[PDB]
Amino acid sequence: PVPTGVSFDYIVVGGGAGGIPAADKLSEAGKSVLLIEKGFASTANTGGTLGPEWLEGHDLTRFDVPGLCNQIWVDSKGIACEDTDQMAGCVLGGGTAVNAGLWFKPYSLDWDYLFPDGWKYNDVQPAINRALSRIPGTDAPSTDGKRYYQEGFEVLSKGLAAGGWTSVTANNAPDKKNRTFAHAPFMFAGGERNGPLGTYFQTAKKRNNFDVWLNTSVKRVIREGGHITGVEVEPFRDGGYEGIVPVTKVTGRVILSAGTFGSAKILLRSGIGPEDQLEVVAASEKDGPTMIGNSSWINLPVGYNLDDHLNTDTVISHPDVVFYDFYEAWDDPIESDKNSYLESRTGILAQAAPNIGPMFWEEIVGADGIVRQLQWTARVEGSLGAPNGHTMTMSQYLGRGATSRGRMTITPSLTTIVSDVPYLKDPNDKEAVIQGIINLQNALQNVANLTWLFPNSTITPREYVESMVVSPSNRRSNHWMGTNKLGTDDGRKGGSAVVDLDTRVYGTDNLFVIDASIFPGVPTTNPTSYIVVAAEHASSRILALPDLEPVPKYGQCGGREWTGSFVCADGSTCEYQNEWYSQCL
C-alpha cells in the first residue's frame, strides 16, 4: 500500500547498528527521513509486545532483558533472518536487538590502521565522542552498581593479574589493548537493553519529519542510470508496504543500512556487483524478469573482502566457579532473581547471558612483523561438549591485523551464502592464534586447582589448533563485515572499493552504504560501537555534501568512469550511447 503522494530527502534501509543512528542524525537535521525495516517492533520502548509470560504487563519484552540474551540460540524463529546462511537479527534494531550488548569505546589504532585518510582516528574522534555521549558503557549493568556471580571472574582475573596482566576499566582506557583485562562493558541503561534502540531511535520518533515502516522488505533500488529515484518494497509481514517509494527529486538520497549480507543483496539486485553474481540474479526466477538491463549494470566487488573475527574456543574448570542457567530463566525463572529484575532492575538477570566474565586483550608481533590483535571473552558456560557446572569458556578472537579474507556470493534463491571461508588463509594468522594460547596458559599456570580441559594437558597448543575444522559453523564470531568496502580505489576499474569516503556507491550520484559492510576489516573489539561511530561519522559527511545539481542538456550524465551527476535537468533525458558515455537529450 504505497501512498501515491509522498517522497523523502533520505530513505534509510534497515534498522540495525548502522541504520538507526543514521536515521536519527539525518532527521535531527530536519530532512524528511523514512526508515524502512524488514522486521517488527522489538523492545518495549519501540512497542515490541513479544516475550515470555513472566514479563506480562510490566512493559518489558524478550529483547529488553539482558538475562534472556541467549534465548535466540534455542528459539530464533521469525526473529533471525532467513535469506542468509549465517545468524543475523531481522527484527527492529537488527543485531543490536539480539546480541549480548557488549559495547566499547573504540581503539584509536583500529581506525588508523583499517581506514584511509578521512576515516582515521583524528578524523572520527568527534563521532566517537557523540556516540559514547549517547551510549556510555556500564560494566555493572545492574542498577545498584554491584555485579553478580563473579566467582568465575575473580578466579580468572586474579589468575591473570598474577600472570602480569593489568586491570583496567576498558572504556576509561580504550587505547590499552595489550596485556590487559577488564570487566565486560555493555550498552545497557536502567538495567534494560538500551543501545541504539534505547537512545538514537527514541529521539527520532519524536520528530514530525521522521517515519518508520515496519514489516517491509526492500527488494532493490529503482535507478535511471546512475541516479536512484526510489526503492521497491514487498511486505515481509502483512501490514508492510508494497510498491515503489520515491525520493525528493534530484536532491533525494538513499542509504543502505541492511547489513553486511543485507546491503550486498540489495546491491546485486540493483544491478550493482560482480559480473558473475549479477548474472545469477539475471537468471533468477524471482527477479530475472524485472531486473535492470545489463547495459545499466555497474561492476563493483560486492561480496569480496568478507571478514570476521576468527573465533577459537578454549575451556577450563575450577572449584569456586559458579554456573547460572539463563536458559532456565525463560520459562521457570528463579523467583528471587525474577523478583529482583522486575522491581529495581537488578540481580543476575540485568547481566547478559551467560555470565560474561573477564574481557582480556593482547597484541602479538608476527614473524612478518605484522601486529595481530587478540581479544578473549570469558563466560560461565561449557562449550566444546564439556559439562556446564564448574566450567568457564574462554573464546579467543583474531582481530585487526589478520590478513585473510573470504567471499560472499548469492544463490539462484536470492539468499546469500559464504562460499569462501575467510579464516586462516595466511599461516602467520595461525601462528598468532597458537602463541596466544601459550601465553594464556602461562599466566594461568599459577592458579590453585585450575584444570585445563580444552586443550587438556595431553595436547600441545599447536596440535590443538591444527586438528580443528575451519568453518563458520564452529569458528564464526558473528562479526561479519566488509562486503562493501570503503576506499579510494574505485571498483569499476578493478579496485577494492565498493563505496567512496562519503560512503557513496561508485557509479551512482545519490546512493550510500552505512553498516558493517563498509569496514575494510574487523576491529579489536565487538563491532557494534564501531558501526554506530561509523554511522555518526558518515551521516555528518553526507550532510556536508551540497545539493546535487542536475546536468544541462548536451552534457555528460553517465559512463563506466563517470564520477559526476547522473541526473538530467528538466526538459531532457539521460540516454546511453556506449559504456563510456551517456548524454542528456
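Note that residue numbering begins at 1 and tracks the sequence as displayed.
Taking only CA atoms, the mean B-factor in the PDB entry is higher for 273-281 than for the other of 273-281 and 496-504. Mean CA temperature factor is higher for 195-203 when stretches 195-203 and 484-492 are set side by side in the entry. In this entry, the residue among 101, 301, 239, 174 with the greatest C-alpha B factor is 239. As recorded in the PDB entry, 452 shows the highest C-alpha B-factor of the residues 452, 326, 113, 188.
Ranked by C-alpha B-factor against the other modelled residues of its chain, residue 583 falls in the middle third. Ranked within its chain, residue 226 lands in the lowest third, by CA B factor from the PDB record. Residue 399: CA B factor lies in the lowest third for its chain, per the PDB record. When the modelled residues of the chain are ordered by their C-alpha B factor, residue 145 lands in the middle third. Per the deposited record, the Cα B-factor of residue 361 falls in the middle third when ranked against the other modelled residues of its chain.
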